[PDB]
């Protein structure tokens, strides 16, 4: 399977890393970004959050060399990308700028067979969450979205609850790590004023569509969930706090058993169940979409619960991108 990575940021680089951390047919043929390949190679090899990687990797003549040679490109506009000539099966669209189906289809015009957007999409782009609705994928879907890190944490938990107890209504908060859209010192962020305030000085409220996005993958939950976020000063790992009213009376123990059973069966490699006294740093490098924290949750009564689920918003999501690439593509 021949892929390119457009946008070599946190997600693009860690997608490459996670590809290298498994046995996979994926062939990464090119990387496109706005800076030179020697700097991109440096950022791939040295990671403040996830530590060093690929010590033998080198840059030479615009190629990332690992044994594997990946072309580096630095071409601002899609019409100029050589996807036909590179025989590209999938573009990993990870710049964070192209979420419109019109902007992203220009990857297909320049010769790519499929595009995977590493973010919520604008418009009705088919959106998949592994372990929740990925079996709805149709080969005719030439532009697809892997949703957000937060939706990938919430949707599996919501599915377990829907399948065992029913959901009447839910309101989610994610206490979320700082991300590249934020600023080191107070600065302007036109489309999110709060998001420009100093990222490590502040708890910063943010809007999020991740809870509503669960209705895209679990149609029964459309209109039944919404939420918000607080951005906080950690560099990685986030947590979903789901306040949910269930459709039937249950106990906290029954919820734990339902989640533990799903993690052992239908949610294997997607959800994990823990009773340990965990904190955010314990999930750095965690590849699960959703880690249910049994000790942290609380029950008000037999229908009203507050549940806690962790996610490495960088590595868990990058791993899911790779899982979706392997699932959708042929050969």
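Numbering follows the first chain given and starts at 1.
- According to the PDB entry, the deposited sequence runs on from residue 55 to residue 56 with no residue lacking coordinates between them.
- The question of which stretch, 270-278 or 55-63, has the higher mean Cα B factor is settled in favour of 55-63.
- Averaged over CA atoms, B-factors in the entry run higher in 97-105 than in the other of 97-105 and 209-217.
- Of the candidates 85, 257, 168, 241, the deposited coordinates give 85 the top C-alpha B factor.
- Considering 185, 125, 232, 161 together, the PDB entry gives 125 the largest C-alpha B factor.
- Ranked against the other modelled residues of its chain, the C-alpha B-factor of residue 76 as given in the entry falls in the highest third.
- Ranked by C-alpha B-factor against the other modelled residues of its chain, residue 136 falls in the highest third.
- In the PDB entry, a CA B factor belonging to the lowest third of its chain's modelled residues is recorded for residue 194.
- Compared with the other modelled residues of the chain, the Cα B-factor recorded for residue 33 ranks in the highest third.
- Annotation for residue 222: C-alpha temperature factor in the middle third relative to the rest of the modelled chain, per the entry.
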